[PDB]
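Number 72 in PDB author numbering belongs to position 72 of the sequence shown; there are no gaps in the numbering.
From the three backbone atoms N, C-alpha and C, an ideal C-beta is built for every residue, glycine too.
This report refers to the structure that appears directly beneath it.
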Amino acid sequence: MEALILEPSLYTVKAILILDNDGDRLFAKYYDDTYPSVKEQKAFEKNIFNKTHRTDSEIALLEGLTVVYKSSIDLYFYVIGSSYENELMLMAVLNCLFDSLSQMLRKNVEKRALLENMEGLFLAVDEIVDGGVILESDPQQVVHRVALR
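What follows is the structure, given as structure tokens:
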């Protein structure tokens, strides 16, 4: 007996990034050995930005990794993961993140609204995922846990 994930040798998300419209790192988190250090993360982030502001936004596939992404006003939002059989988990994390932000910020999740709520954002990520694996997939439940912390 074997399977493609007979062991968790991969992650549903390898990273989550949130960049301002020019590419400034508002937030980033990584769970995978490809980019564990700031210099290589900034390199991957500039790759991400180049590969996406020139593409038909919602998803891309870059450096062998699927990434889903979204943009609003002065903000770009990204979730990066493995490409084993699906991208729906990436869509799940991105939707959970954007909507949980929308509840805590109670704003258009624009640049200043994120900057004002960085801690809430960090704590939402700490409930959406753990160790690069999905942990919760309901945004208002994530928000309840962040609010209750």
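Compare the beta carbon distance of residue i and residue j with 8 Å and say whether it is the shorter of the two.
| i | j | result |
| --- | --- | --- |
| residue 19 | residue 76 | yes |
| residue 60 | residue 35 | no |
| residue 135 | residue 127 | yes |
| residue 65 | residue 51 | no |
| residue 69 | residue 57 | yes |
| residue 104 | residue 117 | yes |
| residue 100 | residue 129 | no |
Would you give the residue range spanned by the alpha helix (DSSP H) that residue i belongs to?
| i | result |
| --- | --- |
| residue 123 | 118 to 128 |
| residue 145 | 139 to 148 |
| residue 3 | Neither: residue 3 is in no alpha helix (DSSP H) and is coded neither H nor E. |
| residue 102 | 88 to 105 |
| residue 115 | 111 to 115 |
Does DSSP put residue i in a helix, in a strand, or in coil?
| i | result |
| --- | --- |
| residue 52 | helix |
| residue 67 | strand |
| residue 79 | strand |
| residue 42 | helix |
Between which two residues does the beta strand (DSSP E) carrying residue i extend?
| i | result |
| --- | --- |
| residue 135 | Looking at the DSSP string, residue 135 is not in any beta strand (DSSP E), and its letter there is neither H nor E. |
| residue 24 | From DSSP, residue 24 is part of no beta strand (DSSP E); its letter is neither H nor E. |
| residue 59 | 59 to 62 |
Quick test of your reading: residue i and residue j, contact by CB under 8 Å. State the CB separation rounded to the nearest angstrom.
| i | j | result |
| --- | --- | --- |
| residue 48 | residue 17 | 6 Å |
| residue 81 | residue 30 | Going by Cβ atoms, the distance from residue 81 to residue 30 rounds to 11 Å, so no, they are not a contact pair. |
| residue 79 | residue 13 | 6 Å |
| residue 93 | residue 124 | About 11 Å; that fails the 8 Å criterion. |
| residue 46 | residue 74 | In fact, because the Cβ distance is near 19 Å, the residues do not count as touching under 8 Å. |
Does the ligand SAM have even one heavy atom less than 7 Å from the beta-carbon of residue i?
| i | result |
| --- | --- |
| residue 35 | For the ligand SAM, the structure offers nothing, since it holds no ligand at all. |
Flag residue i as yes if its beta-carbon sits less than 8 Å from any beta-carbon of chain B, otherwise no.
| i | result |
| --- | --- |
| residue 149 | Looking at the structure shown, chain B is missing, and only one protein chain is on hand. |
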